[PDB]
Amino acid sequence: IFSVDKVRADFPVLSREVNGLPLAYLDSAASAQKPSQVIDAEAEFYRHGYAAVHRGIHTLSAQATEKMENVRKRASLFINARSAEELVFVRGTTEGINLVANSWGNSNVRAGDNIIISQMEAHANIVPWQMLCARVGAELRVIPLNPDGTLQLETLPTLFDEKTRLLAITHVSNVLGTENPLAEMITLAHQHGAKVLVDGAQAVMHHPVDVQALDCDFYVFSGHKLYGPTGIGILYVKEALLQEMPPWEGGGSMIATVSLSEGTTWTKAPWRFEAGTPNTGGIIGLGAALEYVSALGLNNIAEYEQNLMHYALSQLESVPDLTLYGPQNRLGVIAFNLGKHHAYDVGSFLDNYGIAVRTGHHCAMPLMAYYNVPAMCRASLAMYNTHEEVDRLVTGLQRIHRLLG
């Protein structure tokens, strides 16, 4: 079992007051608060161990390089990648998807091919493929939604053919909380020789993730949603694919040689794709975040979060005129609108009560258009949120309905 009270004690922001009231942070899907263990690990690195990390000769530089490669190894074990050299350090999920779209996309997707995304993708998993389809003159195909927030899987036969190079699909929707049937979709995609990129930004913090079992070709997530620092993320790529990809961002540490007359050669992956000075501070903190999450156990986190989610959905039934978007077995987030009130206003009242929710389009405008609304409210229920915080949200919505109705 899992003790939310012990976990909460690790997070100094949770003591904060907003508008004179105690903060209820229900916006972890935008970014997660960090434990002291993560904050201090990064700070301690800066205080006692800092140097440049380019296999430099002196002790601090050599120890710092080792710390960074250890974090790469820890991350590969966290997602059960076969090898640590299948992981690239990127700024976050957005940069990681761009990297795949430019390096792998530009040399595997030719005119007349198609790429398949879904209608629930965040912008990070849409724009890179739009821009790519422009460049190479290919077709962006879209798996549509059902009213309950699941993919219409019956349309897959009309979307997959011999010219399908890539399926780019979200693991968990950042709005609906839908978890997609990745294992089966990957089997189908591979039957046509298509590769699969999985956007795992909203998955890695809710339950164990195993890229060997999924058999995905690419997997991305962001450190800051995983209770870690900003400025760091992970791109997993199958070794066979990764060793064939050409470079993208160019400069020091990703070259092997530079000549003004003979041109330039590049070093092996994953280092080929990490140019300039890595975000060592962020990498250190990400290592600590993975240890912290592993110490609690993702299976215990899942169990607590599922109970909190089931409690919230049960209590929200007593809010009049509340529209919920998505399936009943959602992970992490509850997207809703309250009567005909603008989500902006609902979120402003909730913030006035000290409750932080997100409003707007959630970087998922095609998802908003499918539901024929311009915006939604969204509450995230993370491992450090409490039944009492759910109660504040329910009471808050009731008050807002009564006041503005």
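So that there is no doubt, residue numbering starts at 1 and follows the sequence shown.
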Assert higher mean C-alpha B factor (130-138 or 226-234, deposited values) equals 130-138
Between 87-95 and 154-162, the record assigns the higher mean Cα B factor to 154-162
Could you say which of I284, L316, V198, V204 has its CA atom at the highest B factor, as listed in the PDB entry?
-> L316
Relative to the other modelled residues of the same chain, rank the CA B-factor of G396 and answer lowest, middle or highest third.
-> middle
Looking at the entry's B-factor column for C-alpha atoms only, identify whether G347 ranks in the lowest, middle or highest third of its chain.
-> middle
Lowest, middle or highest third of the chain for the C-alpha temperature factor of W104?
-> middle
Split the chain's modelled residues into thirds by Cα B-factor; is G56 in the lowest, middle or highest one?
-> highest
Going by what the PDB entry lists, where does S28 fall on CA B-factor within its chain: lowest, middle or highest third?
-> lowest
